[PDB]
Amino acid sequence: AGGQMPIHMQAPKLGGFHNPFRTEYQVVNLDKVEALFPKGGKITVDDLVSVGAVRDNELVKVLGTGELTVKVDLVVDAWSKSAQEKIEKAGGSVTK
Amino acid sequence: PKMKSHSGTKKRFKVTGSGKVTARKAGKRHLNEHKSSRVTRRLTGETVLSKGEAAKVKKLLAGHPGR
RNA sequence: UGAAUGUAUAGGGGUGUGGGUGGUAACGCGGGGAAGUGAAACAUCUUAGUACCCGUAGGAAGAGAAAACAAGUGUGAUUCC
RNA sequence: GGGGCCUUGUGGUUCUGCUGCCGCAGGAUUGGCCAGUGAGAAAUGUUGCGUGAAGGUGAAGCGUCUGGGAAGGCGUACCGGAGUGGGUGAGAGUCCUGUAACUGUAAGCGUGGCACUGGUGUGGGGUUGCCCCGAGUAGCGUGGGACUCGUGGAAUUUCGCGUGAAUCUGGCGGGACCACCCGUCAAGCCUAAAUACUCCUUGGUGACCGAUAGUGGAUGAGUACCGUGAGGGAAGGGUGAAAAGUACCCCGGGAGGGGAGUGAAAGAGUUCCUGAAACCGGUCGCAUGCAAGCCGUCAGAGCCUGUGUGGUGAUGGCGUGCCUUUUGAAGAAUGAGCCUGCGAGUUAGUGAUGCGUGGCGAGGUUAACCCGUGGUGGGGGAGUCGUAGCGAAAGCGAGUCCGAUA
RNA sequence: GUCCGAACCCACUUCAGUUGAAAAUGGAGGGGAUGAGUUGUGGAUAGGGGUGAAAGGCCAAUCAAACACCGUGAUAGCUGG
RNA sequence: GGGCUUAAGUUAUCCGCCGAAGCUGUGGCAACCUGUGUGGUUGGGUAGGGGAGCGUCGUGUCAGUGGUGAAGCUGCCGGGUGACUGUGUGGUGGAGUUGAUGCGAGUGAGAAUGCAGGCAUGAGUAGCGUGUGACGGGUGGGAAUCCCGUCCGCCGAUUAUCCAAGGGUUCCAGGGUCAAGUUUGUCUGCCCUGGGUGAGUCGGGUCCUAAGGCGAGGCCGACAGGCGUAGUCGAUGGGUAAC
RNA sequence: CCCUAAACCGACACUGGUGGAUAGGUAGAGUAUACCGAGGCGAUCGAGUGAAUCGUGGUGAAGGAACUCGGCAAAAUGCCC
RNA sequence: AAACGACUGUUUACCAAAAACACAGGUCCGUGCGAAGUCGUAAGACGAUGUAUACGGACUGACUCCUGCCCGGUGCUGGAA
RNA sequence: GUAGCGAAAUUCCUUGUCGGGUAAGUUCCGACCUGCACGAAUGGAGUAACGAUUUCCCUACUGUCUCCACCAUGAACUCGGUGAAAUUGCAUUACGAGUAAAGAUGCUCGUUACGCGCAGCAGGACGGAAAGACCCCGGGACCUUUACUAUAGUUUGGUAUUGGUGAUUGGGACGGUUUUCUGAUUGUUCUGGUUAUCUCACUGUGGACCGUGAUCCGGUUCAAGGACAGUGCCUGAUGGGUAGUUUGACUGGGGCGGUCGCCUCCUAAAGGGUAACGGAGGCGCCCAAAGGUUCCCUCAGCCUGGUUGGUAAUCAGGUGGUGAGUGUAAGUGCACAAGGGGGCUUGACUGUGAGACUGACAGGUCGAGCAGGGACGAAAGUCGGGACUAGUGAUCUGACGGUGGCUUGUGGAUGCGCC
Ligand SMILES: [Mg+2]
Ligand SMILES: [Mg+2]
Ligand SMILES: [Mg+2]
Ligand SMILES: [Mg+2]
Ligand SMILES: [Mg+2]
Ligand SMILES: [Mg+2]
Ligand SMILES: [Mg+2]
Ligand SMILES: [Mg+2]
Ligand SMILES: [Mg+2]
Ligand SMILES: [Mg+2]
Ligand SMILES: [Mg+2]
Ligand SMILES: [Mg+2]
Ligand SMILES: [Mg+2]
Ligand SMILES: [Mg+2]
Ligand SMILES: [Mg+2]
Ligand SMILES: [Mg+2]
Ligand SMILES: [Mg+2]
Ligand SMILES: [Mg+2]
Ligand SMILES: [Mg+2]
Ligand SMILES: [Mg+2]
Ligand SMILES: [Mg+2]
Ligand SMILES: [Mg+2]
Ligand SMILES: [Mg+2]
Ligand SMILES: [Mg+2]
Ligand SMILES: [Mg+2]
Ligand SMILES: [Mg+2]
Ligand SMILES: [Mg+2]
Ligand SMILES: [Mg+2]
Ligand SMILES: [Mg+2]
Ligand SMILES: [Mg+2]
Ligand SMILES: [Mg+2]
Ligand SMILES: [Mg+2]
Ligand SMILES: [Mg+2]
Ligand SMILES: [Mg+2]
Ligand SMILES: [Mg+2]
Ligand SMILES: [Mg+2]
Ligand SMILES: [Mg+2]
Ligand SMILES: [Mg+2]
Ligand SMILES: [Mg+2]
Ligand SMILES: [Mg+2]
Ligand SMILES: [Mg+2]
Ligand SMILES: [Mg+2]
Ligand SMILES: [Mg+2]
Ligand SMILES: [Mg+2]
Ligand SMILES: [Mg+2]
Ligand SMILES: [Mg+2]
Ligand SMILES: [Mg+2]
Ligand SMILES: [Mg+2]
Ligand SMILES: [Mg+2]
Ligand SMILES: [Mg+2]
Ligand SMILES: [Mg+2]
Ligand SMILES: [Mg+2]
Ligand SMILES: [Mg+2]
Ligand SMILES: [Mg+2]
Ligand SMILES: [Mg+2]
Ligand SMILES: [Mg+2]
Ligand SMILES: [Mg+2]
Ligand SMILES: [Mg+2]
Ligand SMILES: [Mg+2]
Ligand SMILES: [Mg+2]
Ligand SMILES: [Mg+2]
Ligand SMILES: [Mg+2]
Ligand SMILES: [Mg+2]
Ligand SMILES: [Mg+2]
Ligand SMILES: [Mg+2]
Ligand SMILES: [Mg+2]
Ligand SMILES: [Mg+2]
Ligand SMILES: [Mg+2]
Ligand SMILES: [Mg+2]
Ligand SMILES: [Mg+2]
Ligand SMILES: [Mg+2]
Ligand SMILES: [Mg+2]
Ligand SMILES: [Mg+2]
Ligand SMILES: [Mg+2]
Ligand SMILES: [Mg+2]
Ligand SMILES: [Mg+2]
Ligand SMILES: [Mg+2]
Ligand SMILES: [Mg+2]
Ligand SMILES: [Mg+2]
Ligand SMILES: [Mg+2]
Ligand SMILES: [Mg+2]
Ligand SMILES: [Mg+2]
Ligand SMILES: [Mg+2]
Ligand SMILES: [Mg+2]
Ligand SMILES: [Mg+2]
Ligand SMILES: [Mg+2]
Ligand SMILES: [Mg+2]
Ligand SMILES: [Mg+2]
Ligand SMILES: [Mg+2]
Ligand SMILES: [Mg+2]
Ligand SMILES: [Mg+2]
Ligand SMILES: [Mg+2]
Ligand SMILES: [Mg+2]
Ligand SMILES: [Mg+2]
Ligand SMILES: [Mg+2]
Ligand SMILES: [Mg+2]
Ligand SMILES: [Mg+2]
Ligand SMILES: [Mg+2]
Ligand SMILES: [Mg+2]
Ligand SMILES: [Mg+2]
Ligand SMILES: [Mg+2]
Ligand SMILES: [Mg+2]
Ligand SMILES: [Mg+2]
Ligand SMILES: [Mg+2]
Ligand SMILES: [Mg+2]
Ligand SMILES: [Mg+2]
Ligand SMILES: [Mg+2]
Ligand SMILES: [Mg+2]
Ligand SMILES: [Mg+2]
Ligand SMILES: [Mg+2]
Ligand SMILES: [Mg+2]
Ligand SMILES: [Mg+2]
Ligand SMILES: [Mg+2]
Ligand SMILES: [Mg+2]
Ligand SMILES: [Mg+2]
Ligand SMILES: [Mg+2]
Ligand SMILES: [Mg+2]
Ligand SMILES: [Mg+2]
Ligand SMILES: [Mg+2]
Ligand SMILES: [Mg+2]
Ligand SMILES: [Mg+2]
Ligand SMILES: [Mg+2]
Ligand SMILES: [Mg+2]
Ligand SMILES: [Mg+2]
Ligand SMILES: [Mg+2]
Ligand SMILES: [Mg+2]
Ligand SMILES: [Mg+2]
Ligand SMILES: [Mg+2]
Ligand SMILES: [Mg+2]
Ligand SMILES: [Mg+2]
Ligand SMILES: [Mg+2]
Ligand SMILES: [Mg+2]
Ligand SMILES: [Mg+2]
Ligand SMILES: [Mg+2]
Ligand SMILES: [Mg+2]
Ligand SMILES: [Mg+2]
Ligand SMILES: [Mg+2]
Ligand SMILES: [Mg+2]
Ligand SMILES: [Mg+2]
Ligand SMILES: [Mg+2]
Ligand SMILES: [Mg+2]
Ligand SMILES: [Mg+2]
Ligand SMILES: [Mg+2]
Ligand SMILES: [Mg+2]
Ligand SMILES: [Mg+2]
Ligand SMILES: [Mg+2]
Ligand SMILES: [Mg+2]
Ligand SMILES: [Mg+2]
Ligand SMILES: [Mg+2]
Ligand SMILES: [Mg+2]
Ligand SMILES: [Mg+2]
Ligand SMILES: [Mg+2]
Ligand SMILES: [Mg+2]
Ligand SMILES: [Mg+2]
Ligand SMILES: [Mg+2]
Ligand SMILES: [Mg+2]
Ligand SMILES: [Mg+2]
Ligand SMILES: [Mg+2]
Ligand SMILES: [Mg+2]
Ligand SMILES: [Mg+2]
Ligand SMILES: [Mg+2]
Ligand SMILES: [Mg+2]
Ligand SMILES: [Mg+2]
Ligand SMILES: [Mg+2]
């Protein structure tokens, strides 16, 4: 920077740490679930969301931005509270 | 060969979902007694870089997504 | 054969049993090990265990058959990509 | 785990000593599951394969035209498991060498593999009283080194100096350390393959160079030459299809030339293909000895030529080089004597980041490697980017974080 | 380690040379000339080292760290292209 | 500047003209904007940004072409807005190469006190390295510079003679005059061919040791190596038989 | 065969450097110097011409350092008894 | 006649030959011998086949007359509450 | 600062002053002392002899000169032969006064000049030769030292090599004298300091002997040392002997001096901004009140009267609007007071920040409204330090307190993260 203390020295270091064993949840939304299983997907699974798109060999958390007018049984790894509430409101369920 | 990323840039700069470059505010590590609570509030946040500084940081990060 | 000397050894006298000496472009292994350079100076650091050097191979060498990994199941020598 | 202690099992035996006239071991042509020239506790002859080094066979065109010469033109046939090349007086599938295909290899120290000879040879179950399981080692301290780790919370590993253990109810590892759990059994050794390399050998290849390039080196090249020495280190390729390299004559001491011969060409004559520029001259046209010229440019008479456009240019106007570097250069700032040749934005990353363009598209894409000895094609989705963000993180999630479920 | 003075060794002054006859000389003089003299042959000391009656002198015709090769296409915010 | 007051000086005022790549007229080119029949605006330019091209070499493909003459070189006559060019026409030359469309670059030079070669400028100029030569005759294509002779001059503690070191055939005879020789050259220390060096006693070795070198074992040193004993080399010396 | 060099060391057929031996006559102390001997050379571009000028020597009236930074150079002195 | 150096010598090969170096003489410090000192990692070696009248280092520089005051600072030597 | 010496190889002033020498003497040489800034082994003062040393004088002598002339020669010059060199953007390359990068053959205005040679001379072409050495800036090298950081070497102690036995001195174990204890202890064991002994550790040494008929080396032995020394490792000191390097910039060249961040004013041209080694000053604090709030008050000066008492202390009356005052510079403010005084207090808060100001950025500044929990006030309301603007330092690294997010098999620990 010409001898002036450069930005990458004047800015303080963002401290913190990384979790050595952090796992990342592949996330699928209710919009996507409705769009890719419109005929009232009875039992969606990890393999089904993978053949659609979830980037398999990972945990397959489902989130809840959307409407989900159909009844669906997700059977996935973890889910959000709003997603679960919408699913039982529509008449479906989650497992695992 | 692969281009290494700048270590200080990795440790100091973040990239948001919309491509904004943000750093931590400077001047709050010590000598905080004379500083009012208003000054500490101004210095405790997260600052968004200017366009030129953000471009320089993005060049320094060899595609590293920031901390 | 056995000194000083006692044991005996060193040494001495035979015999010729086998091996060695030196060369070699690159690659190997073990060891010694810079500086210019970069850091816009510079000493930590870098360059780099590089250049060079010593010893020493083989057709390849080194490594190699878990006093290993793994993390809750498991994998099952080493080398190389 | 092994030894020990036993319940059994050794290849069918001639029939030897010992332990107890039980059993154990030596024994001997003979089975033999096997196993072998390997690292494997070892290493000694005869017979079965294609071949490398050399070779052998190896297809099929004449006629006309122009030419010094036919491979070219024209006509017309042939071969092809052969139309890859390279030669031949010019551009050849059938002229030559070969090529395709097949074949031979006697020989090798031959080599590889097979058979034979020949050489070498089993355990399972129970038991734990006992016995053994690699010591100046492992650890520890200290001074250094290697590990992402630059002494640190410092594991693991290593060298020097000290100190120095347990040994199965044991040792070591799982990043200080302890416990438990899981793994493992150091301080003895040997091990093919995948990997690295090319002084060499053989064959082949090139949107590689073509004599200032490519090796320093196309030639007496590591030579000439330079240096006491280590060492440094050049330059010089081309007649023609064939020397047919110019007989003989003339001027000349020769050199060289003039005739003549050879040749398609000799102004291809050896200093030899092509023969550029600087540079040096002969001849012809015009101008030029009253003139002050960055040398040009515009105007322009005359002369020459007319191949009716070109050459030259009296005389008038205007006009201070090129480059570099500079606020500013014709500058008395820098560089350039001249020509010819050479001499500086390249290349590599499944690098970073844009754009153009093409493909596919909520998907896109493979890397290594495998197959194609037939390539540029196919496989390979391990990975990787996109698919949700926010937070130091646990985590939560169209939200998240600071905050008091503000 | 006397005196004068050839050879010999030296190098004080001057002139010439200074694209020289010569990358240090020539002409004219000048100092030493039995001494710490001079010279031949062979040998010894080697680069952060040598040797030096000491000038940083000399070490193969440029020495405040020789030469050659190598690291190496060192680096140069500078100059040129 | 000439010259000017008889203004061609100063000043007020009036009427004309000259005068630029400015403006206008006319012809061509180009960029951009605009509704897209029109038209409008614009086009000096260094550093620098963007866009579109020329030429060279290699190469895929197609079309070809070439001894009835390719490349290169060199005239003339033409062409394009530029790099450049003609499918015009000769000359030289003797084996390749053109157009279209892609692909790949060792792709363009006037400068670097750039590198290599060739060649100018200074210039027929400076110099030709201490000096004494003259003449008669000869040789020869050619003579101041070769040979012979006669005069003359020079050196003479060296311009003589012989060794060592070093050089290496230069020595001798014959043939030669491209090069070399600071000129000429018939001449040469040059070139070519052939020839020439004879030792029991001379100088070295076969004998000896000095300085110093190397060094069986050995001692020392991580390695590499250092030193050194016994020894063994090493003249510049000792020893050694001819004039 | 050259060898106080045209043959060696200096890039040269280079007014430089190069160790040792022999070394006569006359004048002289002398191996200085002059002219000669033994012997060897005439030197490796010449021919001319009274230019300035530069180099190298020579002479000088009267004066005698007035020159000049300075008696620089030259002159004088010089040998033997 | 003055300055400098006592003297003969030595020195910047290639701009300085001197008043600079050396010198004989002087003083101080070290060294009892496997010396101190020096070269070397070491062994060894020089010193020296020497032994304090010797050796090494430092300064001074023939000779004559002399060489004053200061131990606070620094160094050296000795001492150790 | 003595002897001695002194305008000196030292004396700046300076050609000091006087004396000698010359017709004339900044030099000379003899004196003076006013020694800018002599001085006693970095020796002081002298000194016969010596010197291609430096300086002055006399004599002789001369072309050194007045003042040059002449002679001969090697070049020069002409003819024949041979035949370079540095240099070179160019060329048909005048002068004058101008002009221009401020010194022109080349530009302007004029003047002069037929074309070409030969021998000469050096005023110019900022002539040629050497990418100025002087200067500065960047780099390097070597040198120096009480620069920094290291190191060879030298030195200290520990420990290993390294053992035997003693005394002489301190700390416990340990019981059982004292008196668990202010004070004494002894014996039984253990452990330091110091010191002397002993000797097939070791010393590379003095003698002898052997390997051998060897000044190396080794072995045996004697003598002398002796657990010391030596060496390894660890450790403190020393260490320009050696090595790598650092040693700022600004600047009317550089050095010296001064300056470097922040605040106020002027320059600054009536917004903001605006440079100089321009002109003036301040800051690196202070205050638990000099902060918050509420209520109250008005100053300085002047005039008159008054014990001590004066120009001016305290008091009275009159006058007096800002001229006093403001913790601290200056400006802008403040008398409605932001100036003076009393009461009660801790908002010198926690979570925040709509919206703006100002910088290239880092950053700097203001801030309404809200919640929590407070202070003051009857309330309205005000309070996130101070009338305002200086009183300050990014990041890294480390530290303390809190928190408990993470922790490499698990649980701890440890480490880290957050505040
Ligand atoms: Mg800074
Ligand atoms: Mg903190
Ligand atoms: Mg705070
Ligand atoms: Mg071998
Ligand atoms: Mg370094
Ligand atoms: Mg650096
Ligand atoms: Mg740098
Ligand atoms: Mg192996
Ligand atoms: Mg296995
Ligand atoms: Mg055939
Ligand atoms: Mg035909
Ligand atoms: Mg074991
Ligand atoms: Mg361990
Ligand atoms: Mg350690
Ligand atoms: Mg490390
Ligand atoms: Mg450890
Ligand atoms: Mg763990
Ligand atoms: Mg192995
Ligand atoms: Mg070549
Ligand atoms: Mg060619
Ligand atoms: Mg060539
Ligand atoms: Mg040679
Ligand atoms: Mg023909
Ligand atoms: Mg021709
Ligand atoms: Mg030719
Ligand atoms: Mg030709
Ligand atoms: Mg005329
Ligand atoms: Mg004119
Ligand atoms: Mg300038
Ligand atoms: Mg110029
Ligand atoms: Mg000029
Ligand atoms: Mg310049
Ligand atoms: Mg030039
Ligand atoms: Mg050029
Ligand atoms: Mg996957
Ligand atoms: Mg004498
Ligand atoms: Mg001599
Ligand atoms: Mg001299
Ligand atoms: Mg001269
Ligand atoms: Mg004398
Ligand atoms: Mg020698
Ligand atoms: Mg000096
Ligand atoms: Mg030299
Ligand atoms: Mg150096
Ligand atoms: Mg390197
Ligand atoms: Mg460079
Ligand atoms: Mg320049
Ligand atoms: Mg016009
Ligand atoms: Mg116009
Ligand atoms: Mg117009
Ligand atoms: Mg334009
Ligand atoms: Mg225009
Ligand atoms: Mg441009
Ligand atoms: Mg044809
Ligand atoms: Mg071509
Ligand atoms: Mg093409
Ligand atoms: Mg090029
Ligand atoms: Mg060119
Ligand atoms: Mg050239
Ligand atoms: Mg010429
Ligand atoms: Mg002439
Ligand atoms: Mg001339
Ligand atoms: Mg001339
Ligand atoms: Mg001449
Ligand atoms: Mg001559
Ligand atoms: Mg002659
Ligand atoms: Mg004759
Ligand atoms: Mg004579
Ligand atoms: Mg004589
Ligand atoms: Mg010979
Ligand atoms: Mg011959
Ligand atoms: Mg010869
Ligand atoms: Mg001869
Ligand atoms: Mg000739
Ligand atoms: Mg002849
Ligand atoms: Mg002859
Ligand atoms: Mg012998
Ligand atoms: Mg000897
Ligand atoms: Mg040996
Ligand atoms: Mg002998
Ligand atoms: Mg001998
Ligand atoms: Mg002779
Ligand atoms: Mg000679
Ligand atoms: Mg020679
Ligand atoms: Mg006589
Ligand atoms: Mg003589
Ligand atoms: Mg004679
Ligand atoms: Mg002779
Ligand atoms: Mg000659
Ligand atoms: Mg004449
Ligand atoms: Mg005379
Ligand atoms: Mg006369
Ligand atoms: Mg006279
Ligand atoms: Mg007279
Ligand atoms: Mg007189
Ligand atoms: Mg005078
Ligand atoms: Mg005068
Ligand atoms: Mg004189
Ligand atoms: Mg004289
Ligand atoms: Mg005196
Ligand atoms: Mg004096
Ligand atoms: Mg003297
Ligand atoms: Mg003296
Ligand atoms: Mg002398
Ligand atoms: Mg000498
Ligand atoms: Mg000299
Ligand atoms: Mg002495
Ligand atoms: Mg010693
Ligand atoms: Mg000795
Ligand atoms: Mg002295
Ligand atoms: Mg004292
Ligand atoms: Mg003292
Ligand atoms: Mg002391
Ligand atoms: Mg005076
Ligand atoms: Mg004075
Ligand atoms: Mg006087
Ligand atoms: Mg004294
Ligand atoms: Mg003194
Ligand atoms: Mg003094
Ligand atoms: Mg003295
Ligand atoms: Mg004295
Ligand atoms: Mg005297
Ligand atoms: Mg002298
Ligand atoms: Mg006189
Ligand atoms: Mg002449
Ligand atoms: Mg001539
Ligand atoms: Mg002017
Ligand atoms: Mg003028
Ligand atoms: Mg003019
Ligand atoms: Mg002109
Ligand atoms: Mg002339
Ligand atoms: Mg002339
Ligand atoms: Mg001139
Ligand atoms: Mg000049
Ligand atoms: Mg110079
Ligand atoms: Mg310069
Ligand atoms: Mg220089
Ligand atoms: Mg430096
Ligand atoms: Mg140097
Ligand atoms: Mg010690
Ligand atoms: Mg000790
Ligand atoms: Mg004792
Ligand atoms: Mg004893
Ligand atoms: Mg004793
Ligand atoms: Mg130093
Ligand atoms: Mg230093
Ligand atoms: Mg460095
Ligand atoms: Mg600086
Ligand atoms: Mg200044
Ligand atoms: Mg400066
Ligand atoms: Mg303003
Ligand atoms: Mg304004
Ligand atoms: Mg400004
Ligand atoms: Mg108040
Ligand atoms: Mg506070
Ligand atoms: Mg806001
Ligand atoms: Mg502020
Ligand atoms: Mg509140
Ligand atoms: Mg209240
Ligand atoms: Mg206040
Ligand atoms: Mg207040
Ligand atoms: Mg830092
Ligand atoms: Mg793990
Ligand atoms: Mg907080």
Side-chain angles (χ1 to χ4, degrees), chain A residues 1-37 46 48-68 74 76-87 94, chain B:
Chain A
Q4 157 163 309
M5 182 81 36
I7 53 153
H8 57 89
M9 306 213 168
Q10 260 178 353
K13 266 208 284 177
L14 316 160
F17 65 102
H18 294 116
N19 188 12
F21 310 124
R22 174 176 168 74
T23 190
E24 298 265 341
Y25 265 118
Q26 292 289 152
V27 290
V28 70
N29 278 306
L30 291 195
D31 291 331
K32 179 154 276 193
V33 168
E34 217 176 329
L36 282 71
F37 299 88
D46 274 13
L48 294 174
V49 295
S50 158
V51 304
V54 70
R55 188 197 268 199
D56 78 13
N57 296 115
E58 294 293 328
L59 309 172
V60 173
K61 194 183 201 149
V62 57
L63 305 176
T65 187
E67 294 294 328
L68 183 63
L74 277 296
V76 285
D77 292 326
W79 50 87
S80 67
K81 296 183 290 294
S82 66
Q84 184 178 2
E85 175 280 358
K86 290 183 180 180
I87 297 169
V94 288
Chain B
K2 292 198 287 203
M3 182 179 72
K4 312 201 178 173
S5 51
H6 201 252
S7 292
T9 315
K10 293 191 293 184
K11 291 153 186 191
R12 275 158 181 97
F13 297 103
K14 279 197 307 201
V15 184
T16 67
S18 79
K20 295 184 200 177
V21 178
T22 81
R24 179 188 261 247
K25 290 290 288 197
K28 213 189 65 154
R29 288 282 205 242
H30 69 120
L31 297 154
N32 291 323
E33 175 289 342
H34 75 93
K35 312 204 199 108
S36 178
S37 296
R38 292 180 291 113
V39 176
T40 300
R41 200 148 38 242
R42 286 199 291 265
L43 303 170
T44 187
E46 199 86 20
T47 176
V48 170
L49 266 65
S50 163
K51 44 154 77 173
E53 271 69 41
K56 184 156 280 197
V57 159
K58 276 177 180 173
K59 267 166 208 173
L60 287 171
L61 305 153
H64 195 280
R67 190 257 171 267

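Chain letters run A, B, ... following the sequence lines, proteins first, then strands; residues in each count from 1. Computation of the quantities below employed the complete heavy-atom set of this structure, encompassing side-chain atoms and omitting hydrogens, waters and symmetry-equivalent molecules.
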**Request:** Answer yes or no: are there more than 12 heavy-atom neighbours, outside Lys86(A) itself, under 6.0 Å from its atom NZ?
**Result:**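 Atom NZ in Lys86(A) is crowded, with more than 12 foreign heavy atoms closer than 6.0 Å.
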Both donor-acceptor distances under 3.5 Å, either Watson-Crick or G-U wobble. Does [N] meet that with [M]?
{"N": "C79(I)", "M": "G204(I)", "answer": "no"}
{"N": "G5(H)", "M": "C50(I)", "answer": "yes"}
{"N": "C114(D)", "M": "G308(D)", "answer": "no"}

From the options [options], select the nucleotide whose nearest atom is closest to the side chain of [X].
{"X": "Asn19(A)", "options": "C366(I), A394(D), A394(I)", "value": "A394(D)"}
{"X": "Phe17(A)", "options": "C396(I), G393(I), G405(I)", "value": "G405(I)"}
{"X": "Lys61(A)", "options": "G397(D), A392(D), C396(I)", "value": "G397(D)"}
{"X": "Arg41(B)", "options": "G351(I), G393(I), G405(I)", "value": "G351(I)"}
{"X": "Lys14(B)", "options": "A398(D), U350(I), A392(D)", "value": "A392(D)"}

Heavy atoms only, 4.0 Å cut-off, all strands: where does [X] land among base, sugar-phosphate and nothing?
{"X": "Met5(A)", "answer": "base"}
{"X": "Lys59(B)", "answer": "nothing"}
{"X": "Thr16(B)", "answer": "sugar-phosphate"}
{"X": "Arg42(B)", "answer": "base"}
{"X": "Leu43(B)", "answer": "sugar-phosphate"}
{"X": "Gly52(B)", "answer": "nothing"}

**Message:** When the P atoms of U26(F) and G37(F) are compared, how many Å lie between them, rounded to an integer?
**Reply:** 25 Å
**Request:** For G55(G) versus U130(F), give the span between their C1' atoms, rounded off to a whole number of Å.
**Result:**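 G55(G) and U130(F) have their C1' atoms separated by 14 Å.
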**Request:** Provide, to the nearest angstrom, the distance between the CG atom belonging to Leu14(A) and the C1' atom belonging to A393(D).
**Result:** 14 Å
**Asked** How close or far is atom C1' of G399(D) from atom NZ of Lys81(A), stated in whole angstroms?
**Response**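 Atom-to-atom, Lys81(A) to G399(D), this comes out as 12 Å.
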Restricting to nitrogen or oxygen on both sides, can you table the protein-nucleotides 346-349 of chain D pairs closer than 3.5 Å?
from, atom 1, to, atom 2, distance (Å)
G349(D), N2, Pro1(B), O, 2.9
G349(D), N3, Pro1(B), N, 3.2
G349(D), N3, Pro1(B), O, 3.4

Heteroatom pairs (N/O) under 3.5 angstrom, protein to nucleotides 384-388 of chain D:
from, atom 1, to, atom 2, distance (Å)
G386(D), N7, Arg55(A), NH2, 2.7
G386(D), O6, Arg55(A), NE, 2.8
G386(D), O6, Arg55(A), NH2, 3.4
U387(D), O2', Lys32(A), NZ, 3.4
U387(D), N3, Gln26(A), NE2, 3.2
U387(D), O4, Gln26(A), OE1, 3.2
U387(D), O4, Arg55(A), NE, 2.9
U387(D), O4, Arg55(A), NH1, 3.1
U387(D), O4, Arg55(A), NH2, 3.3
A388(D), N7, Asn29(A), ND2, 3.0
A388(D), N6, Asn29(A), OD1, 3.2

**Glycosidic conformation of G67(F), taking syn as within 90° of 0 and anti otherwise** =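 Syn.
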**Asked** Can you check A7(F) for me, syn or anti if syn means within 90° of 0?
**Response** syn
**Prompt:** Between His64(B) and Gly66(B), is there a donor-acceptor pair closer than 3.5 Å when you use the side chain of the first and the backbone of the second?
**Reply:** yes
**Base of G395(D) paired with side chain of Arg22(A) (donor-acceptor, under 3.5 Å)** = yes
Pairs: protein N or O with nucleotides 359-362 of chain I N or O, under 3.5 Å:
from, atom 1, to, atom 2, distance (Å)
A360(I), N1, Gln4(A), NE2, 3.2

